[PDB]
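Right, one structure below, let's go through it.
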Amino acid sequence: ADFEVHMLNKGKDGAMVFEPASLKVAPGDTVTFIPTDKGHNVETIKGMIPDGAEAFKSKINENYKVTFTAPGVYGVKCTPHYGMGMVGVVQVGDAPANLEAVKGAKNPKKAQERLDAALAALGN
Ligand SMILES: [Cu+2]
C-alpha cells in the first residue's frame, strides 16, 4: 500500500503540520511526504526509530517516498519547524518494540504534545 502525508503550513491541528500526523502501515508499505506547502522536509527524530531502521532526512521541498521495512514506531519531524511542533508518527506493523525509547525521547514542547496525541491515536 502506498500512503501520503502532506506537509502543510496550516491544517486541522493548526500551524505547521503533517497530515495525517498518525499513520499505521504494514511492513513493505510506502509513505510519500508531499511538499504541498514550500519550506518543509521530513527527518526521523532522535530516539524515535526502531531496530533495524535507517535514519533519514529529506531536502526542503522534496517529494520524499519512504519504503518502511523495519517494524516499530517512527517519529518524524520537519527540521525547521520541529520547535513549532511539525511532527508525525508512522507505525509499521503491530506490537512495536521501540515504544519505551519513543515515548522517552526528548522533544520541544509543541512537538511533544503533537507526538503524544499521534501516539495515542495509534492506540499507543
Ligand atoms: Cu515544516
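All residue numbers refer to positions in the sequence shown, counting from 1. When reading the values below, keep in mind they use all heavy atoms of this one structure, side chains included, and skip hydrogens, waters and symmetry mates.
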Practice problem: Hey, could you give me the NE2/CD1 distance between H40 and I34, rounded to the nearest 0.5 Å? | Solution: 12.5 Å

Quiz item: About how many Å separate CG of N124 and CG of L115, when rounded to the nearest 0.5 Å?
Solution: 12.0 Å

Self-check item: Verify same cluster id: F18, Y74 (apolar side-chain graph, 4.5 Å)
Solution: yes

Quiz item: Do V76 and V25 belong together in a cluster built from hydrophobic side chains that touch within less than 4.5 Å?
Solution: yes

Practice problem: Take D51 and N98 through the side chain to side chain contact (heavy atoms under 4.5 Å, CB included) test and state the conclusion after the steps. | Solution: CA-CA 7 Å; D51 187 90; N98 67 322; over 6 Å; no

Quiz item: Hey, any chance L99 and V90 share a hydrophobic cluster, counting ILVMFWY side chains that come within less than 4.5 Å of each other, even indirectly?
Solution: no

Self-check item: side-chain contact (heavy atoms from CB on, under 4.5 Å) partner of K24, chosen from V73, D94, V92
Solution: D94

Quiz item: Would a hydrophobic clustering, with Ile, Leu, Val, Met, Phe, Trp and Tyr connected at side-chain separations under 4.5 Å, put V42 with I49?
Solution: yes

Quiz item: Hey, any chance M7 and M84 share a hydrophobic cluster, counting ILVMFWY side chains that come within less than 4.5 Å of each other, even indirectly?
Solution: yes

Self-check item: Separation between CG of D116 and CZ of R114, rounded to the nearest 0.5 Å
Solution: 12.5 Å

Exercise. Check whether any side-chain N or O of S22 sits under 3.5 Å from a backbone N or O of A118 as a donor-acceptor pair, and report yes or no.
Key: yes

Practice problem: Report yes or no: do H6 and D37 form a side-chain donor-acceptor pair below 3.5 Å? | Solution: no

Exercise. Anything under 30° is parallel, anything over 60° is perpendicular, the rest tilted; go ahead and classify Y64 against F56.
Key: tilted

Quiz item: Picking from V102, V89, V87, what satisfies side-chain contact (heavy atoms from CB on, under 4.5 Å) with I45?
Solution: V87

Quiz item: If only atom types and distance count, is the side chain of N41 paired as donor or acceptor with the main-chain N or O of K59 below 3.5 Å?
Solution: no

Quiz prompt | Worked verdict on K10 versus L8 for side chain to side chain contact (heavy atoms under 4.5 Å, CB included) | solution = CA-CA 5 Å; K10 189 67 69 81; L8 300 173; 6.0 Å; no

Practice problem: Would you indicate whether the side-chain heavy atoms of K77 and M48 approach each other to under 4.5 Å? | Solution: no

Exercise. Let me see the working for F33 and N63 under side chain to side chain contact (heavy atoms under 4.5 Å, CB included), right down to the final yes or no.
Key: CA-CA 6 Å; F33 296 86; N63 188 87; over 6 Å; no

Quiz item: In Å and rounded to the nearest 0.5 Å, what is the CG to CE distance from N9 to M16?
Solution: 5.0 Å

Practice problem: Assess whether side chain to side chain contact (heavy atoms under 4.5 Å, CB included) is satisfied between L23 and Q91, documenting all intermediate values. | Solution: CA-CA 6 Å; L23 179 75; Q91 179 170 326; over 6 Å; no

Quiz prompt | Atom pair NZ (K57) and CD (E43), whose distance is rounded to the nearest 0.5 Å | solution = 5.0 Å

